[PDB]
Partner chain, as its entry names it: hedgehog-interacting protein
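Take a look at this single chain, the form deposited without the partner chain, given in C-alpha cells.
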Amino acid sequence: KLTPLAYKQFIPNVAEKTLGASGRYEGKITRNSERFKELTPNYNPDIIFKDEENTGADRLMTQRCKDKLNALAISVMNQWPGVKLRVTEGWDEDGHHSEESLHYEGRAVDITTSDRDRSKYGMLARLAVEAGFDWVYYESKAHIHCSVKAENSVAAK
C-alpha cells in the first residue's frame, strides 16, 4: 500500500517551485513585513514544535501549510500510535535556508516523528504526500522537507 520515499527522493518528481509542485516563491515574510498577516500560529496539541530559536516561529505558517500539517498529524498517530508528528524547522526568520526557500514565507516545514526514529522517515514522507503536501522531499537523514503552494497558486488566474 504505502511505500516510503527513499533518501533524497521528492514527490512529485519535479522541481519544488514548478506549478505542479509548490509553485513560485513569493518572497520573504518577516515579522515587520506587511506579509506577516499571512501567517497564523499552529497550536495543534498533536504536533511537537522544536522551536530551537524560542521565538515560536516554527508554528507560524500559511493556512494551506496548517491544513496539510494537521492532516499529517492525524496519519502519523494512526501509523505509529503514541508517536507524534514533529516539526524541527518551519518559518525561518534567520536565513538558514537557500535563496528563495519556501521556509521564508511559512510554506515549508522540516519534520520528523516525535521519537526521532529515523527509520520511520521514509514512511513519514509518504504520509506527508498522502496528507496533501504539494512537495515532499526526503532532504536529509534528519528530516523530511514538506512544502505547499501559496493561495495565489491554488487558484491561479
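Positions refer to the first chain, counted from 1. Here, rigid core means the biggest group of C-alpha atoms that superpose within 1.5 Å across both forms.
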| query | finding |
| --- | --- |
| RMS Cα shift after core superposition in 5 other deposited structures of this protein, winner of 24 to 32 and 108 to 116 | 24 to 32 |
| Stretch with larger C-alpha RMS deviation in 5 other deposited structures of this protein, core superposed, 86 to 94 versus 125 to 133 | 86 to 94 |
| Mean C-alpha B-factor comparison - 70 to 78 and 83 to 91, higher one | 70 to 78 |
| Mean C-alpha temperature factor, higher of 118 to 126 and 34 to 42 | 34 to 42 |
| Per the PDB entry, maximal CA B factor within 63, 113, 101, 54 | 54 |
| Residue with maximal Cα B-factor (values as given in the PDB entry) among 107, 59, 96, 50 | 96 |
| CA B-factor ranking of residue 18, expressed as a third of its chain | middle |
| Residue 9 - which third its CA temperature factor falls in, relative to the rest of the chain | middle |
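Separately, the form solved in complex with the partner chain exists; it is not shown, and the next lines address it.
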query	finding
Residue 6: touches the partner chain in the deposited complex, heavy atom cutoff 4.5 angstroms	yes
Contact label in the deposited complex: residue 28 to the partner chain, heavy atom within 4.5 Å	no
Residue 103, heavy atom within 4.5 angstroms of the partner chain in the deposited complex	yes
Non-hydrogen atom within 4.5 Å of the partner chain in the deposited complex for each of 88, 139 and 145	yes
